[PDB]
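First comes the structure, then the notes that go with it.
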Amino acid sequence: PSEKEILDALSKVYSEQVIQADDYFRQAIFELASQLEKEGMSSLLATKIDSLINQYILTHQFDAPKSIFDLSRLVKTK
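38 is the number that the deposited numbering gives to position 37 of the sequence shown; each next residue is one higher, with no gaps.
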């Protein structure tokens, strides 16, 4: 479960029309992916993406594109 796979999974989520259409989630994902790219992965960052993706999933009543669930899965693993 590598630093790059998570970064790519973030980018996949970021590119989603429903994420692009929403200024809070778009920027949030953008910031987390930049922190990862810059500093690498961490416990903390894992926690932050987890919280953001939980928030996205719950806010949308489990109606989220596959990539969101894919990302969610990856950061849940660690």
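We put the beta carbon where it would ideally sit given N, CA and C, even for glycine.
Three-state secondary structure (DSSP) of residue i
{"i": "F70", "result": "helix"}
{"i": "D23", "result": "coil"}
Among the options, nearest to residue i - alpha-carbon criterion
{"i": "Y15", "options": "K77, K79, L53, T78", "result": "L53"}
{"i": "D71", "options": "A47, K13, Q62", "result": "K13"}
{"i": "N55", "options": "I30, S3, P2", "result": "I30"}
{"i": "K79", "options": "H61, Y57, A47, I69", "result": "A47"}
Buried or exposed by the 16-neighbour rule on C-beta atoms within 10 Å, applied to residue i
{"i": "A22", "result": "exposed"}
{"i": "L59", "result": "exposed"}
Own chain residues within Cβ distance below 8 angstroms of residue i, not counting five before or after
{"i": "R27", "result": "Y15, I20, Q21"}
{"i": "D51", "result": "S73, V76, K77"}
Spatial neighbours of residue i in its chain, beta-carbon cut-off 7 angstroms, leaving aside the 5 residues before and after
{"i": "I69", "result": "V14, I54, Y57, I58"}
{"i": "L8", "result": "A34, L37, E38"}
{"i": "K49", "result": "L33"}
Should the stretch 16-35 be called in touch with the stretch 56-73, which here means at least 3 C-beta pairs below 8 angstroms?
yes
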